[PDB]
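Q: Once you've had a glance at the structure underneath, I'll fire off some questions.
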Amino acid sequence: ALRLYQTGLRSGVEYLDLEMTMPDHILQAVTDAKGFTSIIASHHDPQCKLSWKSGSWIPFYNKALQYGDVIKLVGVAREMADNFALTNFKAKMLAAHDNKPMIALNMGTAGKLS
Amino acid sequence: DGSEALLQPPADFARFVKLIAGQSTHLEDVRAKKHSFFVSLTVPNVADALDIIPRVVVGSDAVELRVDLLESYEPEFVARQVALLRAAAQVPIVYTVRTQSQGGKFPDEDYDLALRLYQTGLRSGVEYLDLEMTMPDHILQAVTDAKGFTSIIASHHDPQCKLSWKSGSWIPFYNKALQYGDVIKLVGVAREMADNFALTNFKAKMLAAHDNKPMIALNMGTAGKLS
Amino acid sequence: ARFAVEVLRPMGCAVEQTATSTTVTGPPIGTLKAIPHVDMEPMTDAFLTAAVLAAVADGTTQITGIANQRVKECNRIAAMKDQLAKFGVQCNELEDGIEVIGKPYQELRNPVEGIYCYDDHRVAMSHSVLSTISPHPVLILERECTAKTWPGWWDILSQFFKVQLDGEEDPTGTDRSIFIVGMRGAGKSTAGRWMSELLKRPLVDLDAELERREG
Amino acid sequence: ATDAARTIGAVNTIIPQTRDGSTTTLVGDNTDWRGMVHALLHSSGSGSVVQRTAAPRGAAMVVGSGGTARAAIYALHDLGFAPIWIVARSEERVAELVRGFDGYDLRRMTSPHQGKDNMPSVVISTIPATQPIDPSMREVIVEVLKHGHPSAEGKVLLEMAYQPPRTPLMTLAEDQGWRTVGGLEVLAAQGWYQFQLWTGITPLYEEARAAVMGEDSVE
C-alpha cells in the first residue's frame with residue numbers, strides 16, 4: 001500500500017485517496033511527501049455501522065480534517081430520509097470548517113439522491 | 001345528436017353512473033399505486049382544446065378542471081365543460097375552484113357563486129372536488145353533506161409563506177382538512193432545499209398518525225421541485 | 001317475576017318463595033328437564049332467558065305468545081334462532097313463538113363465529129348465561145350494550161358468580177334507489193333505460209305503476 | 001389466467017402482481033383479441049361497419065384454423081357479431097376450433113349460398129400469405145368478397161400476417177371495395193394493451209403505432 005501510495009505521489013497525481021482506516025505511520029508518511037497533490041481523506045461504511053444524525057461520523061471527520069485537503073465520507077441509505085440527514089450533516093460541517101470541502105454520499109439505490 | 005334513444009349507454013354516461021351509484025374505485029386504485037398524478041388544465045375552454053385533452057392526460061390518473069381559469073363562471077357553462085372533459089379524457093375529474101388569495105383567479109369573497117359552482121361539480125358526479133379550507137364553515141358543511149361518492153380534497157395554499165413545516169403551524173389546517181376531506185392537500189413554498197426535507201418529514205408523521213386519509217403535500221417555486 | 005315459578009321449577013329447579021324473596025337452586029349440571037309448552041306473553045321480555053335454558057335441556061321446548069318480539073328492537077325471535085345455531089342447537093320460528101331442540105351441554109358446538117348481540121342488551125345477557133357452562137370459552141361481541149338495562153351485569157357475573165371474564169377485540173351505503181326527475185321528452189326514459197342496463201337493476205315508470213296500481 | 005385467455009386457450013402476456021407480504025404472482029392474459037377489436041373499431045376507416053353500426057352487428061367471418069383464429073372469434077363476439085362464419089380445411093379441425101365457445105353461433109361455410117341473408121360484413125384472415133389457399137376455401141372466400149356492394153356497406157378485411165405489408169388476399173378485397181387493415185396495425189394495438197397492463201399508463205395509440213412502423217422509435 002505504502003509503495004503504491006508513493007507511486008501515485010511520484011507520478012504527480014492531482015488527487016490521492018488514502019483511507020482513514022490506514023495505520024498512522026502510513027498516514028504520516030504519505031502526508032509528509034504529498035507535495036502539491038491534494039489528499040482526499042476517505043472513509044466508507046458498507047456494513048452501515050455509522051449514522052449521519054447521531055454524529056457517529058465525527059471521529060472520522062475530525063481525523064480526515066487534519067490529514068485531508070478534501071474529506072470523503074460514504075455511508076449507506078436504507079430509506080430516503082437517510083439522504084436528508086446526510087445533506088444536513090454536510091451543511092453543518094461546511095459551516096464549521098469552510099476551508100475543507102467534502103464529498104458525502106450514500107450507497108445503494110436508496111441513496112441515489114445523495 | 002338527437003338520436004340518443006336508439007343508442008346503447010355511452011362510456012361518457014357509464015363513467016358518470018359508476019360514480020353516483022357508489023361503484024367507483026377511483027381512490028382505492030390511485031392509492032394502491034406507488035406513484036400517481038393528475039394533470040392541471042390551464043385552458044380557458046375545454047371545447048376549444050378538445051383535440052389536446054387525451055394527449056395531456058397520458059400518465060395521469062385524473063384531470064383537474066381548474067374552474068377559476070375558465071373563460072366563464074356560469075354554472076350551466078361549467079357543467080358542459082365537465083361533461084365535455086369526462087367524454088374526452090375518459091378518466092376521473094378533479095373539480096377545482098381556486099381562489100385568488102390561494103393563487104387562482106376566483107374571487108375570495110364571492111361565496112354565493114362558489115356554492116353554486118361547488119354544487120355544479122357534485123351534481124356532475126366528479127370523482128374529486130377541491131374545496132379550500134379557507135371557505136366559510138356554512139359552505140364547508142353544505143358541500144360535505146351533499147358530497148355523495150365524490151371524494152373531497154380539502155386544500156390549503158400558502159403563497160405568501162406564512163406557515164412552516166417544522167414548527168407545526170400547518171396543524172390547524174391539517175386538523176380542519178382531516179374532518180372535511182377524503183384527501184388532504186397542503187401546499188407551501190420552498191426557499192431552500194431543506195424546506196422539502198421538512199415537508200417530507202411532516203407528511204410522514206401525519207400519515208403515521210392518520211393512515212386512513214392520504215395527503216398531497218408540495219412546495220411551490222423551483223426550489224420546491226423535489227417535493 | 002312469574003319466570004321463577006312458571007319456567008324454572010318446571011325445568012327442575014328448587015324454587016322457594018316468600019312474600020318478598022325468591023330463591024332458586026338449579027338441578028345437577030345439564031339435567032334440566034325440557035318444558036313441552038309455555039305461554040310467555042305475560043313475560044314477553046324474558047323469553048330469551050328461557051330460550052338459552054331450553055337449549056341445554058332434555059327434550060324439545062316450545063315457547064309461545066311472543067309475536068311482539070319481532071319488532072321490539074331487532075328480530076329477537078330470529079336473533080335467538082341463528083345465534084343459538086352457532087352452538088349447534090337448531091330452533092324453529094313459529095307463528096308467534098319459538099321451538100328449541102335441546103342438547104346435552106357437554107357436546108355443544110364451539111361458536112367460533114362469536115356471538116353477535118344486534119346491540120340488544122337482552123341478547124347479550126341471555127347468551128351470557130349459556131356461556132357459563134359451555135365446553136368452549138364463548139366470545140360475546142358488544143359487551144357494552146348491556147348498559148341499556150344493566151351496565152354492571154359483567155361486574156356482578158365476576159363478583160358474585162366468580163366468573164373469569166377477559167377483554168378481546170371484535171374480530172369482525174351502496175345500492176340506493178335512484179329517482180329520475182325532469183319532464184317528459186327530455187331524455188328521461190333513455191337515461192333511465194341506460195341506468196337499468198348499466199347497474200343490472202329494474203326500471204320502473206312511476207306513471208305506469210300509478211296506472212296499474214289504480215287500475 | 002384471465003377469463004379471456006382461459007376461454008381462448010392462449011396467453012400472449014405475462015403480468016406480475018406484487019402481493020405485498022406474500023411472494024409475487026404471475027398472471028396470464030391475452031391481448032391479441034383486444035388488439036383485433038381495437039383495430040376494427042379505430043384503425044379501420046371511419047364509415048367502417050364497426051363505426052357505422054351497433055351491436056348486434058350481424059354476420060362476420062374467420063378464415064383459417066390457427067390459435068389466432070381462436071382469438072379472432074372472441075374478438076368478433078365482443079364486438080357483437082353473430083353469426084360468426086368459419087372457413088377452414090377440414091371439419092375435424094373446425095370442430096376443435098369451436099370447442100370452448102358456447103352460444104357464439106359458430107357455423108362452417110363450405111358453400112356461398114349458405115350465407116343468404118347473413119353474409120359477413122367483416123372478415124379476419126389467419127391463414128399465412130406464404131401458403132397458397134385451398135381451392136375449396138378460395139371458392140367460398142372469393143364469393144364472400146364479391147357479394148353485395150362492400151364499399152357502401154363499409155365492409156372490412158383484417159389480415160393477421162404482416163409480411164408482406166399487403167397480402168394477396170388484401171389485394172382482392174381492395175379490388176372489391178373492402179377496407180383492409182394490415183397485421184402491423186393489430187401488432188401495435190395488441191402491444192399497446194400489454195404496455196397498459198404492465199405500467200398503468202395509457203399513451204396514445206399513435207405513439208405505439210409509430211413505434212412499430214419505425215416512424216418514431218428508439219433503435
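Residues are named by chain letter and number: chains run A, B, ... in the order of the C-alpha cells, numbers start at 1 in each chain, and ligands are numbered from 1 in the order shown.
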Using only C-alpha atoms and a distance of at most 10 Å, pull out the residues of chain A that contact chain B, as a PyMOL selection string.
A: chain A and resi 80-81+83-85+87-88
Q: Go ahead and write the residues just picked, N, CA and C atoms, as a CSV table (one decimal), in the first residue's frame.
A:
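Below is the file that was written, out06.csv:
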```
chain,number,residue,atom,x,y,z
A,80,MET,N,-35.1,7.0,2.2
A,80,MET,CA,-34.9,8.4,1.6
A,80,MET,C,-34.5,9.4,2.7
A,81,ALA,N,-35.0,9.3,3.9
A,81,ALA,CA,-34.6,10.2,5.0
A,81,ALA,C,-33.1,10.2,5.2
A,83,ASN,N,-30.8,10.3,3.3
A,83,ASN,CA,-30.1,11.3,2.4
A,83,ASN,C,-30.3,12.7,3.0
A,84,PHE,N,-31.5,13.0,3.6
A,84,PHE,CA,-31.8,14.3,4.2
A,84,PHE,C,-30.7,14.5,5.3
A,85,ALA,N,-30.6,13.5,6.2
A,85,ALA,CA,-29.7,13.6,7.3
A,85,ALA,C,-28.3,13.8,6.9
A,87,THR,N,-27.3,15.3,4.0
A,87,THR,CA,-27.2,16.7,3.5
A,87,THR,C,-27.2,17.7,4.6
A,88,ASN,N,-28.0,17.5,5.7
A,88,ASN,CA,-27.9,18.3,6.9
A,88,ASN,C,-26.6,18.3,7.5
```
Q: Would you mind listing what lies within 10 Å of residue D:81 as an mmCIF file with N, CA, C and O atoms, in the first residue's frame, with only C-alpha atoms counted and same-chain residues fewer than 2 positions away left out?
A:
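Written output follows (around10.cif):
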```
data_model
loop_
_atom_site.group_PDB
_atom_site.id
_atom_site.type_symbol
_atom_site.label_atom_id
_atom_site.label_comp_id
_atom_site.auth_asym_id
_atom_site.auth_seq_id
_atom_site.Cartn_x
_atom_site.Cartn_y
_atom_site.Cartn_z
ATOM 1 N N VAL D 50 -68.043 -1.282 -38.318
ATOM 2 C CA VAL D 50 -67.929 -1.194 -36.871
ATOM 3 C C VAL D 50 -68.314 0.209 -36.389
ATOM 4 O O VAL D 50 -69.085 0.353 -35.439
ATOM 5 N N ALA D 54 -74.157 -0.761 -34.660
ATOM 6 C CA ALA D 54 -74.058 -1.079 -33.239
ATOM 7 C C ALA D 54 -74.468 -2.529 -33.008
ATOM 8 O O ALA D 54 -75.198 -3.110 -33.815
ATOM 9 N N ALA D 55 -73.994 -3.107 -31.906
ATOM 10 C CA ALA D 55 -74.297 -4.499 -31.567
ATOM 11 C C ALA D 55 -75.802 -4.679 -31.360
ATOM 12 O O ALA D 55 -76.431 -3.847 -30.710
ATOM 13 N N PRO D 56 -76.393 -5.754 -31.920
ATOM 14 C CA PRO D 56 -75.780 -6.815 -32.724
ATOM 15 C C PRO D 56 -75.440 -6.358 -34.148
ATOM 16 O O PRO D 56 -76.287 -5.772 -34.825
ATOM 17 N N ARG D 57 -74.215 -6.644 -34.591
ATOM 18 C CA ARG D 57 -73.710 -6.150 -35.877
ATOM 19 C C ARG D 57 -73.919 -7.124 -37.047
ATOM 20 O O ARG D 57 -73.398 -6.904 -38.149
ATOM 21 N N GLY D 58 -74.678 -8.192 -36.813
ATOM 22 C CA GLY D 58 -74.937 -9.180 -37.849
ATOM 23 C C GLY D 58 -73.751 -10.099 -38.064
ATOM 24 O O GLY D 58 -72.982 -10.364 -37.137
ATOM 25 N N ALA D 59 -73.594 -10.574 -39.296
ATOM 26 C CA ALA D 59 -72.656 -11.651 -39.589
ATOM 27 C C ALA D 59 -71.209 -11.186 -39.706
ATOM 28 O O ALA D 59 -70.931 -10.004 -39.918
ATOM 29 N N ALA D 60 -70.299 -12.146 -39.562
ATOM 30 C CA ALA D 60 -68.864 -11.923 -39.724
ATOM 31 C C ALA D 60 -68.178 -13.262 -39.999
ATOM 32 O O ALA D 60 -68.812 -14.313 -39.904
ATOM 33 N N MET D 61 -66.890 -13.219 -40.332
ATOM 34 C CA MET D 61 -66.177 -14.407 -40.801
ATOM 35 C C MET D 61 -64.781 -14.500 -40.266
ATOM 36 O O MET D 61 -64.129 -13.487 -40.016
ATOM 37 N N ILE D 73 -62.301 -15.111 -33.116
ATOM 38 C CA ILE D 73 -63.683 -15.392 -32.744
ATOM 39 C C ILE D 73 -64.064 -14.557 -31.529
ATOM 40 O O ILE D 73 -65.039 -13.800 -31.566
ATOM 41 N N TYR D 74 -63.275 -14.699 -30.466
ATOM 42 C CA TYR D 74 -63.506 -13.982 -29.214
ATOM 43 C C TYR D 74 -63.639 -12.480 -29.470
ATOM 44 O O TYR D 74 -64.523 -11.820 -28.914
ATOM 45 N N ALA D 75 -62.766 -11.956 -30.327
ATOM 46 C CA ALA D 75 -62.789 -10.543 -30.685
ATOM 47 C C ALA D 75 -64.112 -10.149 -31.338
ATOM 48 O O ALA D 75 -64.728 -9.153 -30.959
ATOM 49 N N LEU D 76 -64.550 -10.938 -32.313
ATOM 50 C CA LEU D 76 -65.790 -10.652 -33.032
ATOM 51 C C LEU D 76 -67.012 -10.752 -32.130
ATOM 52 O O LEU D 76 -67.936 -9.942 -32.248
ATOM 53 N N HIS D 77 -67.015 -11.734 -31.231
ATOM 54 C CA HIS D 77 -68.113 -11.886 -30.276
ATOM 55 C C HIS D 77 -68.221 -10.670 -29.367
ATOM 56 O O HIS D 77 -69.324 -10.194 -29.100
ATOM 57 N N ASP D 78 -67.080 -10.163 -28.911
ATOM 58 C CA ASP D 78 -67.042 -8.952 -28.091
ATOM 59 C C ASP D 78 -67.651 -7.758 -28.831
ATOM 60 O O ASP D 78 -68.465 -7.017 -28.275
ATOM 61 N N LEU D 79 -67.256 -7.584 -30.089
ATOM 62 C CA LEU D 79 -67.835 -6.546 -30.942
ATOM 63 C C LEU D 79 -69.295 -6.825 -31.296
ATOM 64 O O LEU D 79 -69.943 -5.994 -31.926
ATOM 65 N N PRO D 83 -74.209 -14.323 -36.790
ATOM 66 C CA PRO D 83 -73.325 -15.478 -36.627
ATOM 67 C C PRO D 83 -71.885 -15.195 -37.041
ATOM 68 O O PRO D 83 -71.622 -14.224 -37.749
ATOM 69 N N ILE D 84 -70.970 -16.042 -36.577
ATOM 70 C CA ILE D 84 -69.560 -15.957 -36.949
ATOM 71 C C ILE D 84 -69.225 -17.159 -37.826
ATOM 72 O O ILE D 84 -69.031 -18.270 -37.327
ATOM 73 N N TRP D 85 -69.175 -16.923 -39.135
ATOM 74 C CA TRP D 85 -68.873 -17.968 -40.106
ATOM 75 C C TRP D 85 -67.401 -18.361 -40.030
ATOM 76 O O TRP D 85 -66.545 -17.523 -39.758
ATOM 77 N N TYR D 104 -72.074 -18.722 -29.149
ATOM 78 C CA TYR D 104 -71.435 -17.738 -30.026
ATOM 79 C C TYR D 104 -72.066 -17.735 -31.425
ATOM 80 O O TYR D 104 -71.958 -16.747 -32.152
ATOM 81 N N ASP D 105 -72.717 -18.843 -31.786
ATOM 82 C CA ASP D 105 -73.306 -19.057 -33.119
ATOM 83 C C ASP D 105 -72.217 -19.245 -34.184
ATOM 84 O O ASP D 105 -72.192 -18.559 -35.211
ATOM 85 N N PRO D 120 -71.218 -12.070 -44.329
ATOM 86 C CA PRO D 120 -70.405 -11.330 -43.366
ATOM 87 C C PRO D 120 -70.015 -9.925 -43.830
ATOM 88 O O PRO D 120 -69.757 -9.703 -45.013
ATOM 89 N N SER D 121 -69.997 -8.995 -42.879
ATOM 90 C CA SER D 121 -69.570 -7.617 -43.116
ATOM 91 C C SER D 121 -68.078 -7.453 -42.811
ATOM 92 O O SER D 121 -67.433 -6.527 -43.304
ATOM 93 N N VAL D 122 -67.549 -8.343 -41.970
ATOM 94 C CA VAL D 122 -66.167 -8.277 -41.513
ATOM 95 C C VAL D 122 -65.522 -9.652 -41.623
ATOM 96 O O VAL D 122 -66.131 -10.657 -41.257
#
```
Q: Write out as JSON, numbers by chain the set of residues from stretch 40-180 of chain D that DSSP, computed on the backbone, places in alpha helix (DSSP H).
A: {"D": [49, 50, 51, 52, 67, 68, 69, 70, 71, 72, 73, 74, 75, 76, 77, 78, 91, 92, 93, 94, 95, 96, 97, 98, 135, 136, 137, 138, 139, 140, 141, 142, 143, 144, 145, 146, 150, 151, 152, 153, 168, 169, 170, 171, 172, 173, 174, 175]}
Q: List as a ChimeraX atom specification the protein and nucleic acid residues near residue C:190, meaning an atom at most 9 Å away when only C-alpha atoms are counted, but skip any in the same chain fewer than 6 places from it.
A: /B:4-7,9
Q: Kindly export the residues of the current selection with N, CA, C and O atoms, as a compact mmCIF listing (two decimals), in the first residue's frame.
A:
```txt
# COMPACT_ATOMS: atom_id res chain seq x y z
N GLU B 4 -80.38 9.85 -29.26
CA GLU B 4 -79.88 9.27 -28.01
C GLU B 4 -80.60 7.95 -27.71
O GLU B 4 -79.97 6.97 -27.31
N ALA B 5 -81.92 7.94 -27.91
CA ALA B 5 -82.77 6.78 -27.57
C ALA B 5 -82.38 5.48 -28.28
O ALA B 5 -82.48 4.40 -27.69
N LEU B 6 -81.93 5.58 -29.53
CA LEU B 6 -81.56 4.40 -30.33
C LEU B 6 -80.18 3.84 -29.95
O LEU B 6 -79.86 2.70 -30.29
N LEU B 7 -79.35 4.63 -29.26
CA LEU B 7 -78.02 4.19 -28.84
C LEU B 7 -78.09 3.29 -27.60
O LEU B 7 -79.14 3.13 -26.98
N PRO B 9 -75.85 2.59 -23.80
CA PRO B 9 -75.18 3.52 -22.86
C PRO B 9 -73.74 3.89 -23.23
O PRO B 9 -72.88 3.01 -23.28
```
Q: Enumerate as a VMD selection string the residues belonging to chain D that approach chain B to within 9 Å, with only C-alpha atoms taken into account.
A: chain D and resid 54 to 55 200 to 204
Q: Counting only C-alpha atoms, what is within 9 Å of residue A:2, bar same-chain residues fewer than 5 positions away, as a PDB file with N, CA and C atoms, in the first residue's frame?
A:
```pdb
ATOM      1  N   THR A   7       3.887   5.587  -5.492  1.00  0.00           N
ATOM      2  CA  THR A   7       3.795   5.545  -6.954  1.00  0.00           C
ATOM      3  C   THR A   7       2.825   6.614  -7.463  1.00  0.00           C
ATOM      4  N   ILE A  26       1.636   5.286   8.170  1.00  0.00           N
ATOM      5  CA  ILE A  26       1.499   5.472   6.722  1.00  0.00           C
ATOM      6  C   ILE A  26       0.763   6.768   6.383  1.00  0.00           C
ATOM      7  N   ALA A  29       3.509   9.349   6.659  1.00  0.00           N
ATOM      8  CA  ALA A  29       4.475   9.258   5.564  1.00  0.00           C
ATOM      9  C   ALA A  29       3.923   9.778   4.237  1.00  0.00           C
ATOM     10  N   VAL A  30       2.662   9.467   3.947  1.00  0.00           N
ATOM     11  CA  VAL A  30       2.022   9.926   2.713  1.00  0.00           C
ATOM     12  C   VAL A  30       1.719  11.424   2.781  1.00  0.00           C
TER      13      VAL A  30
END
```
Q: Taking a cut-off of 9 Å and counting only C-alpha atoms, can you build a table that, for each residue of chain C near chain B, reports the nearest atom pair and how far apart they are in Å (one decimal), sorted by chain then residue number, as CSV?
A:
```
residue,atom,partner,partner_atom,distance
C:173,CA,B:22,CA,7.7
C:174,CA,B:22,CA,5.4
C:175,CA,B:21,CA,6.8
C:176,CA,B:21,CA,7.5
C:178,CA,B:21,CA,8.4
C:187,CA,B:5,CA,7.5
C:189,CA,B:5,CA,8.4
C:190,CA,B:5,CA,5.5
C:191,CA,B:9,CA,8.3
C:193,CA,B:9,CA,8.6
C:194,CA,B:9,CA,5.2
C:195,CA,B:17,CA,7.1
C:197,CA,B:9,CA,8.0
C:198,CA,B:14,CA,7.0
C:199,CA,B:21,CA,8.3
```
Q: Selected residues, N, CA, C and O atoms, written as a PDB file, in the first residue's frame, please.
A:
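See out-v6.pdb below for the written result:
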```pdb
ATOM      1  N   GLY C 173     -72.726   3.222   1.820  1.00  0.00           N
ATOM      2  CA  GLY C 173     -74.149   2.978   1.593  1.00  0.00           C
ATOM      3  C   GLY C 173     -74.495   2.850   0.120  1.00  0.00           C
ATOM      4  O   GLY C 173     -75.160   3.718  -0.443  1.00  0.00           O
ATOM      5  N   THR C 174     -74.027   1.764  -0.497  1.00  0.00           N
ATOM      6  CA  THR C 174     -74.289   1.474  -1.916  1.00  0.00           C
ATOM      7  C   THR C 174     -75.694   0.897  -2.128  1.00  0.00           C
ATOM      8  O   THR C 174     -76.394   0.588  -1.162  1.00  0.00           O
ATOM      9  N   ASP C 175     -76.094   0.770  -3.394  1.00  0.00           N
ATOM     10  CA  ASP C 175     -77.367   0.151  -3.776  1.00  0.00           C
ATOM     11  C   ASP C 175     -78.581   0.918  -3.232  1.00  0.00           C
ATOM     12  O   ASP C 175     -79.486   0.322  -2.651  1.00  0.00           O
ATOM     13  N   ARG C 176     -78.594   2.234  -3.435  1.00  0.00           N
ATOM     14  CA  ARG C 176     -79.733   3.071  -3.052  1.00  0.00           C
ATOM     15  C   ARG C 176     -80.617   3.332  -4.260  1.00  0.00           C
ATOM     16  O   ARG C 176     -80.122   3.436  -5.384  1.00  0.00           O
ATOM     17  N   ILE C 178     -82.520   4.979  -7.113  1.00  0.00           N
ATOM     18  CA  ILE C 178     -82.260   6.197  -7.882  1.00  0.00           C
ATOM     19  C   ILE C 178     -83.580   6.757  -8.392  1.00  0.00           C
ATOM     20  O   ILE C 178     -84.360   6.034  -9.006  1.00  0.00           O
ATOM     21  N   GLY C 187     -85.218  13.176 -22.530  1.00  0.00           N
ATOM     22  CA  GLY C 187     -84.241  12.084 -22.465  1.00  0.00           C
ATOM     23  C   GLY C 187     -84.296  11.346 -21.136  1.00  0.00           C
ATOM     24  O   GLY C 187     -83.387  10.587 -20.801  1.00  0.00           O
ATOM     25  N   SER C 189     -86.388   8.903 -19.994  1.00  0.00           N
ATOM     26  CA  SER C 189     -86.557   7.453 -20.107  1.00  0.00           C
ATOM     27  C   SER C 189     -85.285   6.776 -20.602  1.00  0.00           C
ATOM     28  O   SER C 189     -84.907   5.726 -20.086  1.00  0.00           O
ATOM     29  N   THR C 190     -84.636   7.377 -21.600  1.00  0.00           N
ATOM     30  CA  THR C 190     -83.384   6.843 -22.152  1.00  0.00           C
ATOM     31  C   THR C 190     -82.295   6.775 -21.086  1.00  0.00           C
ATOM     32  O   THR C 190     -81.559   5.792 -21.007  1.00  0.00           O
ATOM     33  N   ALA C 191     -82.198   7.821 -20.270  1.00  0.00           N
ATOM     34  CA  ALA C 191     -81.265   7.831 -19.146  1.00  0.00           C
ATOM     35  C   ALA C 191     -81.626   6.734 -18.145  1.00  0.00           C
ATOM     36  O   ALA C 191     -80.749   6.026 -17.650  1.00  0.00           O
ATOM     37  N   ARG C 193     -83.399   3.927 -18.829  1.00  0.00           N
ATOM     38  CA  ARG C 193     -83.095   2.669 -19.506  1.00  0.00           C
ATOM     39  C   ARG C 193     -81.599   2.359 -19.420  1.00  0.00           C
ATOM     40  O   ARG C 193     -81.216   1.258 -19.028  1.00  0.00           O
ATOM     41  N   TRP C 194     -80.762   3.336 -19.770  1.00  0.00           N
ATOM     42  CA  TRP C 194     -79.309   3.166 -19.714  1.00  0.00           C
ATOM     43  C   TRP C 194     -78.857   2.725 -18.327  1.00  0.00           C
ATOM     44  O   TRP C 194     -78.042   1.812 -18.201  1.00  0.00           O
ATOM     45  N   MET C 195     -79.389   3.372 -17.293  1.00  0.00           N
ATOM     46  CA  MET C 195     -79.014   3.050 -15.913  1.00  0.00           C
ATOM     47  C   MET C 195     -79.410   1.641 -15.562  1.00  0.00           C
ATOM     48  O   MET C 195     -78.635   0.923 -14.935  1.00  0.00           O
ATOM     49  N   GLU C 197     -79.727  -0.953 -17.536  1.00  0.00           N
ATOM     50  CA  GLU C 197     -78.778  -1.842 -18.209  1.00  0.00           C
ATOM     51  C   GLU C 197     -77.402  -1.805 -17.544  1.00  0.00           C
ATOM     52  O   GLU C 197     -76.769  -2.848 -17.382  1.00  0.00           O
ATOM     53  N   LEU C 198     -76.956  -0.613 -17.149  1.00  0.00           N
ATOM     54  CA  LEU C 198     -75.627  -0.436 -16.548  1.00  0.00           C
ATOM     55  C   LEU C 198     -75.497  -1.035 -15.148  1.00  0.00           C
ATOM     56  O   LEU C 198     -74.473  -1.638 -14.830  1.00  0.00           O
ATOM     57  N   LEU C 199     -76.525  -0.865 -14.318  1.00  0.00           N
ATOM     58  CA  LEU C 199     -76.488  -1.329 -12.925  1.00  0.00           C
ATOM     59  C   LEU C 199     -77.166  -2.683 -12.703  1.00  0.00           C
ATOM     60  O   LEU C 199     -77.252  -3.149 -11.564  1.00  0.00           O
TER      61      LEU C 199
END
```
Q: Skip residue C:3 itself and residues of its chain fewer than 4 positions away, then list as a CSV table (one decimal) with N, CA and C atoms, in the first residue's frame all residues within 10 Å of it, counting only C-alpha atoms.
A:
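What follows is the written file selection_10.csv:
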```
chain,number,residue,atom,x,y,z
C,7,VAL,N,-91.4,-21.2,34.8
C,7,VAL,CA,-90.3,-21.7,33.9
C,7,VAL,C,-89.3,-22.6,34.6
C,8,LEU,N,-88.6,-22.0,35.6
C,8,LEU,CA,-87.5,-22.7,36.3
C,8,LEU,C,-87.9,-23.9,37.1
C,9,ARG,N,-89.0,-23.9,37.8
C,9,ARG,CA,-89.5,-25.0,38.6
C,9,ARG,C,-89.9,-26.2,37.7
C,40,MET,N,-95.9,-17.4,27.3
C,40,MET,CA,-95.0,-16.4,27.9
C,40,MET,C,-95.3,-15.0,27.4
C,42,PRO,N,-97.2,-12.9,29.2
C,42,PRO,CA,-97.0,-12.1,30.4
C,42,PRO,C,-95.6,-11.8,30.7
C,43,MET,N,-94.7,-12.6,30.3
C,43,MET,CA,-93.2,-12.5,30.4
C,43,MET,C,-92.6,-12.3,29.1
C,46,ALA,N,-88.7,-11.9,28.8
C,46,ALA,CA,-87.9,-13.0,29.4
C,46,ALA,C,-87.9,-14.3,28.6
C,47,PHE,N,-88.3,-14.2,27.4
C,47,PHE,CA,-88.2,-15.5,26.5
C,47,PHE,C,-86.8,-15.8,26.1
C,49,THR,N,-84.1,-15.4,28.0
C,49,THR,CA,-83.5,-16.1,29.1
C,49,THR,C,-84.0,-17.6,29.2
C,50,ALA,N,-85.3,-17.8,28.8
C,50,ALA,CA,-85.9,-19.1,28.8
C,50,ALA,C,-85.3,-20.0,27.6
```
Q: Which polymer residues have any atom within 9 Å of an atom of stretch 158-173 of chain D, counting only C-alpha atoms, with same-chain residues fewer than 2 positions away left out, as a ChimeraX atom specification?
A: /D:36,39-40,44,68,122-130,142,145-146,156,175-187
Q: For atom CA of residue D:24 and atom CA of residue B:212, determine how far apart the two atoms are, in Å to one decimal place.
A: 25.5 Å
Q: Taking the DSSP secondary structure from the backbone, can you list the residues of stretch 30-193 of chain D that are strand (DSSP E), as JSON, numbers by chain?
A: {"D": [60, 61, 62, 63, 84, 85, 86, 87, 106, 107, 108, 122, 123, 124, 125, 156, 157, 158, 159, 179, 180, 181]}
Q: Produce a file of the selected residues containing C-alpha atoms, as a PDB file, in the first residue's frame.
A:
```pdb
ATOM      1  CA  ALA D  60     -68.864 -11.923 -39.724  1.00  0.00           C
ATOM      2  CA  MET D  61     -66.177 -14.407 -40.801  1.00  0.00           C
ATOM      3  CA  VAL D  62     -62.933 -16.003 -39.694  1.00  0.00           C
ATOM      4  CA  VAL D  63     -60.849 -17.796 -42.320  1.00  0.00           C
ATOM      5  CA  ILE D  84     -69.560 -15.957 -36.949  1.00  0.00           C
ATOM      6  CA  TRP D  85     -68.873 -17.968 -40.106  1.00  0.00           C
ATOM      7  CA  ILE D  86     -65.752 -20.142 -40.245  1.00  0.00           C
ATOM      8  CA  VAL D  87     -63.838 -21.255 -43.338  1.00  0.00           C
ATOM      9  CA  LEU D 106     -70.292 -20.572 -34.874  1.00  0.00           C
ATOM     10  CA  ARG D 107     -71.094 -22.312 -38.154  1.00  0.00           C
ATOM     11  CA  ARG D 108     -68.904 -23.540 -41.009  1.00  0.00           C
ATOM     12  CA  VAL D 122     -66.167  -8.277 -41.513  1.00  0.00           C
ATOM     13  CA  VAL D 123     -63.540 -10.930 -42.273  1.00  0.00           C
ATOM     14  CA  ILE D 124     -60.486 -11.844 -40.192  1.00  0.00           C
ATOM     15  CA  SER D 125     -57.832 -13.841 -42.059  1.00  0.00           C
ATOM     16  CA  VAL D 156     -63.634  -4.646 -43.553  1.00  0.00           C
ATOM     17  CA  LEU D 157     -60.906  -7.250 -44.002  1.00  0.00           C
ATOM     18  CA  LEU D 158     -58.346  -7.851 -41.270  1.00  0.00           C
ATOM     19  CA  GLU D 159     -55.155  -9.648 -42.320  1.00  0.00           C
ATOM     20  CA  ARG D 179     -61.381  -1.662 -46.309  1.00  0.00           C
ATOM     21  CA  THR D 180     -58.216  -3.577 -45.405  1.00  0.00           C
ATOM     22  CA  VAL D 181     -56.377  -3.381 -42.081  1.00  0.00           C
TER      23      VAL D 181
END
```
Q: Give me the residues near residue B:150 as a list in words, where near means some atom within 6 Å (using only C-alpha atoms) and where sequence neighbours in that chain fewer than 3 positions away do not count.
A: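 Near residue B:150, the qualifying residues are residues 127, 128 and 147 of chain B.
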Q: What does the file look like for those residues with N, CA, C and O atoms, as a compact mmCIF listing (two decimals), in the first residue's frame?
A:
```
# COMPACT_ATOMS: atom_id res chain seq x y z
N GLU B 127 -65.27 12.80 -9.67
CA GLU B 127 -64.62 11.84 -8.78
C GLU B 127 -63.89 12.53 -7.63
O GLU B 127 -63.82 11.99 -6.53
N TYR B 128 -63.36 13.72 -7.89
CA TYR B 128 -62.74 14.52 -6.85
C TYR B 128 -63.27 15.95 -6.91
O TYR B 128 -63.55 16.47 -7.98
N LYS B 147 -71.97 15.66 -0.62
CA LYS B 147 -70.83 15.21 -1.41
C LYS B 147 -71.10 13.89 -2.13
O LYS B 147 -70.55 13.66 -3.21
```
